[PDB]
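We begin with a single chain expressed as structure tokens, specifically the form deposited in one PDB entry.
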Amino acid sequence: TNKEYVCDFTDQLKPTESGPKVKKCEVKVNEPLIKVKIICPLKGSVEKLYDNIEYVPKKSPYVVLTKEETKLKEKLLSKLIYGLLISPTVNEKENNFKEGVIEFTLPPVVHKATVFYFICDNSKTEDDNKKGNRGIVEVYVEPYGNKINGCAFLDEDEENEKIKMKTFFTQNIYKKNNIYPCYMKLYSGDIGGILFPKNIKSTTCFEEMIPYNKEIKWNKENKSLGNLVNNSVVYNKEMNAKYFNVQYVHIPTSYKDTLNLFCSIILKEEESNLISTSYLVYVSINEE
């Protein structure tokens, strides 16, 4: 709902005479860019009722559980799903169950079925003859999507995670002798994305787009994609998500006008340099 699945255990786990029960939140994902949010009541948030609650993994959502043999074992979510977005904060609080909630946004493309788990377990809290419930989240991600319209600035000079970086975007750009600037061509309804270089220093994509018509007029006032294309969405626009130097964009179906835009990227260079180099990135929308 609203591209967000919520598992809210706030009112699911309190001790009752018939507890413990198992409260299972089943999240099934088969479409792009879904945000998953999990709320787990904190010990002490109500006087007695969560006194022995525990959440697993402690480092959720960075670390998740998967089922191996018959056991739940900890794995890094970013290794399970390339391009997944974990932001450091949720409403300006650490993205960690010690603040009561975690969130992450799944990417435009998932190649293989992936199933992982979180636990929010109040079944060891007792009060008189009551016991709390055991909360479990099962996230089942089905394969979905196809390559992302956009560009992957790849770390090698020429042509297990390196394989994903090379199959995820429609245009690959290698470090050495690049003769093809990134050109992301989108139409109404499309998802786009750029994996920015590992040694990126800064970029004006996509907060400072410059419109142009055939020839570049360097003086033209810049504007964000969100302000140029009403109801567009940019993901990880802060580029503060862990692991992946990526941004995604979505162009709404409502948007049927044509734009030609550019932004640019600066790399980390030897401090010996007097002159810095900005490399242009081209974005077109509904190019006729």
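Residues carry their position along the shown sequence, with the first being 1. In this text, rigid core is short for the largest set of C-alphas that superpose within 1.5 Å between two forms. Shifts are known only where both forms have a C-alpha.
What comes next is about the form deposited in another entry, which does not appear here.
Peer 1: Can you tell which residue in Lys124, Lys217, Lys112, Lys98 has its CA shifted by 2 Å or more between this form and the one not shown when the core is superposed?
Peer 2: Meeting the 2 Å or more criterion is only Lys217.
Peer 1: Taking the cut-off of 3 Å or more as given, in which direction does the distance between the C-alpha atoms of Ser224 and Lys214 change in the other entry, closer or farther?
Peer 2: Residues converge in the other entry, at least 3 Å closer.
Peer 1: Go ahead and list the segments of at least 3 residues in a row whose C-alphas all shift 2 Å or more between this form and the one not shown, with the rigid core as the reference fit.
Peer 2: This is the sole shifted run between this form and the one not shown: 214-222.
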